[PDB]
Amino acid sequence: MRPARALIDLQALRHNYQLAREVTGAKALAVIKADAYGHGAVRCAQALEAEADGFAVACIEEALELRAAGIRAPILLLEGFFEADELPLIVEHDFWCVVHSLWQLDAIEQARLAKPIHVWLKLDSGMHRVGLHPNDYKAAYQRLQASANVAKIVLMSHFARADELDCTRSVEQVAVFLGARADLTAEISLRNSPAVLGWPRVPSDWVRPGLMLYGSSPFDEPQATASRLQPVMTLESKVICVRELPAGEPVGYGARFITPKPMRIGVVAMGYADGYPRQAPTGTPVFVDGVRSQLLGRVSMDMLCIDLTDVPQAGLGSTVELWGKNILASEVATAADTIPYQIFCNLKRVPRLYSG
């Protein structure tokens, strides 16, 4: 079979979740939207359910997938319902719902539900993605409170620049949130991965760590707390072809890499269709047989090319790590001029193996 495989360390996943609770002292919703950032929502949720406060996903179809797999922990719909006739399913399956716009408020206020539902009322505090205007926040709360279709209200917002520790925008957003909510008595939720790890003074009854759980740091700089994270995914494959080339030879599509010296070349069973970034330039690090090497030339759809010149006893059948505990995903992401979030989600075709 194709040697390409993604290894998922579930024990590390459990360790990173506990870290979020330990450092913050609050309840934590494990954010597992987009198939748990390509790690597998179903298997990840089963691993955490026994000791987790709940989960958070992007849409109802992701949440339904968890119920069908026997997950009965609380699940939050981070974007809420997209269509009004999703509500009966929300009640049936007891999903926690986010309200980020006044039109969503109108739909709940007008419909007649069999049982009351939890509403996580989202404020736009400076990011300008989804969320209400501060001026409407109090009025929207009082409408939900006097609805009889809502059982509990949680106040939430999201940070635009929490990964930038020098930036004071996070403090500005907190001031906006506190000012907009002050007077109202309810639980609050503000913190994501960066805010959990590096913003200890930010209040949160509920924290929402995503990237954290998967063992990747959201900062450009080193962070004491983020250094304790354990990488979950190990993407690996094997060398299927070895070639010796003289100096001045073009390698791959577009001839974007020409051999500057006589080199030994290896072809790996891994491509951009599997989730490995095509944006990764020549020099991007592997990792083959316990030695750090480099990527060479264009990444093809199913194949990529690495250097084997300085690694004498590596060849056919040698294991190559694309990212994991040895090559951090953040290194590959930063080289391809992107964030680890994306390259995790891009994971495809390869079988996920679970252990720990």
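Counting begins at 1, following the sequence as shown.
- Between 305-313 and 31-39, it is 305-313 that carries the larger average Cα temperature factor according to the deposited entry.
- Looking at the C-alpha B-factors along this chain, the one for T284 belongs to the lowest third.
- The deposited CA B-factor of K152 belongs to the highest third of values across its chain.
- Placement of the Cα temperature factor of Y137 within the chain: highest third of the modelled residues, per the deposited record.
- Ranked by Cα temperature factor within the chain, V251 sits in the lowest third according to the deposited record.
- Annotation for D85: CA B-factor lies in the highest third of the chain's modelled residues.
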